[PDB]
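Every residue, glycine as well, gets a Cβ built from its backbone with ideal geometry; the counts of neighbours run over all protein chains shown. Computed from the coordinates by the stated procedures, all read-outs in this text should not be read as laboratory data.
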Amino acid sequence: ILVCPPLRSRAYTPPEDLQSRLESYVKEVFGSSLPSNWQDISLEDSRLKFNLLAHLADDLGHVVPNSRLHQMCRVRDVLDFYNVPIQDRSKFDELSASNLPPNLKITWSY
Amino acid sequence: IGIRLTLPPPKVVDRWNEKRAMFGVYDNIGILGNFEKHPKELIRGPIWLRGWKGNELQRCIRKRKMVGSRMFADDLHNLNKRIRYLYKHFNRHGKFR
Amino acid sequence: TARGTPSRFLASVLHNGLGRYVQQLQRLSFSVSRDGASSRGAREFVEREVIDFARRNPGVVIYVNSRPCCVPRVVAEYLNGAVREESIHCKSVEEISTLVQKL
Amino acid sequence: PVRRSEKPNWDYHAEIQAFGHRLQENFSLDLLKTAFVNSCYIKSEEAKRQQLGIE
Amino acid sequence: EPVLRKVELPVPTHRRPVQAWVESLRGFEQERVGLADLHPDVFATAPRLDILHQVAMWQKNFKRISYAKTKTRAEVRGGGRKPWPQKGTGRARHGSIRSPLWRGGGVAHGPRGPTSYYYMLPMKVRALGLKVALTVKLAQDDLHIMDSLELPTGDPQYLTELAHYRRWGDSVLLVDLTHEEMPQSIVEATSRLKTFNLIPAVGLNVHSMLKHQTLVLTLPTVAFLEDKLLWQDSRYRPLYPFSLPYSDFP
Ligand SMILES: [Mg+2]
Ligand SMILES: [Mg+2]
Ligand SMILES: [Mg+2]
Ligand SMILES: [Mg+2]
């Protein structure tokens, strides 16, 4: 009745208006003012930490793991974390995609 | 000639057995069960060695102490002779005295 | 023992040093395992140093098969038909690099 | 004994390029392929195709 | 609404607590339903693979009893008499058949009786091993915390699909509390699966946590584990076993 949603890739790439999107979601969650440093407000309050991170995950498809979730005390930490971009291609496929010399061939039994 | 000329039949092992998957469960039962039970009470085996390690002479002495009254006659004779021999060996023979 | 083993005289293959020196190594074929603790040195050798080796000498054809194996191997084939097979089982990356350079 | 082309590790284009590179010469690739083709090979291939009925 | 879980136990002055997502099994995509924090002393201790190996080897070896046994040169049938007297013929000296030098003789240094391998590590060491394994599971993105294990359908293929979609792994150890509040849905779903193992909190152990790829606890299980593992620190000498009253000890 709710069988088999398709799987999602782990590959991520940050957009170009990422700064503006983080700004907008920070205001929409906080309701506070900008004046000095919007990139320096803390997240000891787990409620707005949850809302900010869950909205970011819903928007961008990338969710902070628990090990990194421990060490996010400032919104600039999540700003740095969202400039990681990682790829979900197999090591085998990246070995192929690299600029292989014409005298090096790779076969596969998997 | 000593080697087999053929390969022995392939021995498959089910690592996700009931026993293999549940191994270790209810260990630490005293630590996180308010010490109502000791892990040594999860041990199954002979009556004279449950929660007890012991030597070989110690094992023989303990077996004759705890269960040596309902043993078979030849088995008990063997145990007595083994205890005698082990006493002599561990008390009179060897290096390091 | 010399009396219990064959012998030969010092020689070249096709008068190598007379005109142009030619690389006598023709092919290197690597059997390395996706999973398996014994193919870890070979795995990192393929990750890092196989590409640079191929770029360094282009007269050698290098194949990497990447098949399940308990013993990773390298097979060296030479212009005079000689075939040599070596075990890179549980060897460090430096060991494998020294081995392939020697080959 | 069998041909080296009939054995597992074989890529003909890579072999041709490595051959050309090893003697320190700059061959035309197509010209080298042409030099390595032989007439009897062509006759055997056309005989095989005509006996299998495949164009 | 969001579910936020704090730490009841006193976190020390430094060492701010660690965080983790709270998920659910009701929805197929119901991730990030809440947010929990975890005591640093339990979920962020030193790696301590030394202690992991110690506790794992103890779990393997303390309950083992080996029933292998041989017969010595006194328990083998016959052999009382001396064959072919000492000095006459040109044969080697022998005082008995059934000696270890003979075919069919006794074994000189074979296994003896049922042997036990019983020993106990200190309970502080074992609790440290438990904390260490939980810390490793959290640090390697192998720990998941749920509000409750509940399935709308209650069939094994649903749970397998959920694990595959959430990219947990192949072997999942689910932990609940008291073995009696385990819901019928997860009980029925897991009783058929092979690599999905449902255990109560009392049964959590280093060997099972290492054997299973992922660990899936609940919030009450997290609180229970935190309390039980923290009690080992800041505790007195025994002075008698802890199965006796000990006024503040339940
Ligand atoms: Mg006798
Ligand atoms: Mg004689
Ligand atoms: Mg005698
Ligand atoms: Mg015998």
With N set to the residue count of chain E, report its C-alpha Rg divided by 2.2 N^0.38 Å to two decimal places.
1.55
Residues whose built amide H sits under 5 Å from the amide H of E:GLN19, excluding neighbours closer than 5 in sequence, are A:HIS70, E:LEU38
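Quantify how strongly other chains surround peptide E:241-250 by giving the mean number of their Cβ atoms within 10 Å of each of its Cβ atoms.
Partner-chain Cβ atoms within 10 Å, mean over residues of E:241-250: 2.
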Euclidean distance between Cα centres, segment A:67-110 to segment E:90-142, Å
46 Å
With a ≥ b ≥ c taken as the square roots of the eigenvalues of the C-alpha gyration tensor of the protein assembly as shown, please select rounded if a/c is under 1.5 and otherwise prolate if a/b is larger than b/c or oblate if it is not?
oblate
Relative contact order of chain C, please, whole-number percent, based on alpha carbon pairs below 8 angstrom and at least 6 residues apart.
34 percent
Just the number, please: Stokes-Einstein D of chain D in µm²/s, Kirkwood Rh from C-alpha pairs, 37 °C, 0.692 mPa s.
244 µm²/s
Once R0 is set to 60 Å, what does the formula 1/(1 + (r/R0)^6) return for the Cβ-Cβ distance between D:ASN38 and B:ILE1, expressed as a FRET efficiency to the nearest 0.05?
0.70
Note the direction-averaged projected area, equal to a quarter of the hull surface, for the Cα convex hull of chain A, in nm².
11.8 nm²
In percent, what relative contact order does segment B:1-96 have, based on Cα pairs under 8 Å that are 6 or more apart in sequence?
14 percent
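Would you mind checking B:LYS37/E:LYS194; B:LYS88/E:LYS87; B:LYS37/E:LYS137; E:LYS124/E:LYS194; A:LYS91/D:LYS7; B:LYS65/E:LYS69 for any pair whose Cα atoms are more than 23 angstrom apart?
Check vs 23 Å cut-off fails for B:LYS37/E:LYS194; B:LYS88/E:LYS87; B:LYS37/E:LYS137; E:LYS124/E:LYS194; A:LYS91/D:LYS7.
Restricting to Cα pairs below 8 Å that are 6+ residues apart, what does the relative contact order work out to for segment E:1-126? Please round to a whole percent.
The value is 23 percent.
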Cα extents of chain C along the three principal axes, largest first (Å)
44, 38, 21
Relative packing of peptides A:48-58, E:134-144, A:69-79 - highest average C-beta neighbours within 10 Å first
E:134-144, A:48-58, A:69-79
